[PDB]
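Comments concern the structure below.
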Amino acid sequence: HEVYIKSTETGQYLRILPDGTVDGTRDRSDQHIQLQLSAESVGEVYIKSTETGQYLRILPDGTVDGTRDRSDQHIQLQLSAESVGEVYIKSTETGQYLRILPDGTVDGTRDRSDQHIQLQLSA
């Protein structure tokens, strides 16, 4: 099924744009917030846009973007649950958590105390 990832702090939905850009939006009508999960291996997943087919990617410098290169080795992500409906998205290769900032910016960060990394998963 398709899934929607939203910031529980800001209410912004994770959005993957066709030009490879990733940001946050509260526009529930936006088609590019529709995502889909798939397992690569035990404990790790791919997060794909259903509209564009890009994979969510977390680069070492903290940038978060999209790529259709399924072979890319920064698209391996970890969904860790913190309660029901509630998750963290971490890049196990870099150790960075996915972060959604209230200005709409989406990036990666390594500090677990960050107040913008707790996310909501709905299907």
Side-chain angles (χ1 to χ4, degrees):
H1 292 92
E2 291 184 351
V3 299
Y4 300 97
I5 297 169
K6 183 179 70 181
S7 170
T8 63
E9 290 98 354
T10 68
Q12 286 165 325
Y13 289 92
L14 181 60
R15 177 173 65 187
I16 300 172
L17 295 172
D19 64 352
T21 295
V22 171
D23 64 355
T25 187
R26 299 186 176 90
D27 183 5
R28 294 173 68 102
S29 65
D30 189 82
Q31 292 294 93
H32 296 94
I33 64 171
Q34 297 174 336
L35 303 173
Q36 199 171 14
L37 299 177
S38 67
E40 77 158 346
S41 67
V42 175
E44 291 182 343
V45 297
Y46 297 138
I47 299 180
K48 181 197 289 181
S49 169
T50 65
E51 284 292 321
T52 66
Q54 313 178 1
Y55 296 95
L56 183 61
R57 183 175 63 186
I58 302 183
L59 294 175
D61 62 353
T63 60
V64 171
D65 62 1
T67 185
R68 294 187 177 83
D69 185 4
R70 190 173 175 91
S71 73
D72 186 82
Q73 35 193 8
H74 294 96
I75 61 171
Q76 286 89 358
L77 301 178
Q78 195 186 19
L79 285 174
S80 68
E82 198 62 23
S83 72
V84 176
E86 298 303 308
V87 298
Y88 298 96
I89 298 176
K90 186 178 78 178
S91 166
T92 49
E93 287 86 1
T94 65
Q96 305 181 347
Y97 294 87
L98 186 67
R99 175 173 66 192
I100 302 177
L101 295 177
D103 63 354
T105 301
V106 172
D107 60 356
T109 184
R110 297 175 179 275
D111 170 52
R112 292 186 291 269
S113 63
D114 188 74
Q115 80 272 27
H116 294 95
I117 61 168
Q118 184 168 356
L119 302 176
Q120 185 173 351
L121 183 67
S122 63

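Heavy atoms only: backbone and side chains are in, while hydrogens, waters and symmetry mates are out. We're numbering straight along the sequence, starting at 1.
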Which value, rounded to the nearest 0.5 Å, describes the distance between [X] atom [atom1] and [Y] atom [atom2]?
X	Y	atom1	atom2	result
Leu17	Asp23	CG	CG	5.0 Å
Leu37	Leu79	CG	CG	5.5 Å
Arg26	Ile33	CZ	CD1	12.5 Å

Take atom CD in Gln73; do more than 12 heavy atoms of anything else shown fall under 6.0 Å from it?
->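 Counting neighbours around CD of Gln73, 12 or fewer heavy atoms of other residues, nucleotides or ligands fall under 6.0 Å, so no.
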Might you point out which heavy atoms bring [X] and [Y] nearest each other, and give the distance in Å?
X	Y	answer
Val106	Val64	O-CB, 3.8 Å
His116	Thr10	CD2-CG2, 3.8 Å
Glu86	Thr8	OE1-CG2, 2.9 Å
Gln54	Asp19	NE2-N, 4.2 Å
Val3	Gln36	CG2-N, 4.0 Å

Would you call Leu14 and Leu56 a side-chain contact if the rule is heavy atoms closer than 4.5 Å?
->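 The answer is yes; the side chains approach within 4.5 Å.
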Let me see the working for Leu119 and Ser7 under side-chain contact (heavy atoms from CB on, under 4.5 Å), right down to the final yes or no.
-> CA-CA 5 Å; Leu119 302 176; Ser7 170; 4.3 Å; yes
Donor + acceptor pair across side chains of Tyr13, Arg28 (<3.5 Å) |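 Distance-only check passes for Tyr13 and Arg28.
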Please determine, by modelled atom types, if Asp69 and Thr67 share a side-chain donor-acceptor pair under 3.5 angstrom.
->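 Side chains of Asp69 and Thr67: no pair found under 3.5 Å.
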Do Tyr46 and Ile58 share a hydrophobic cluster (ILVMFWY, side-chain heavy atoms under 4.5 Å, transitive)?
->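 No, separate clusters.
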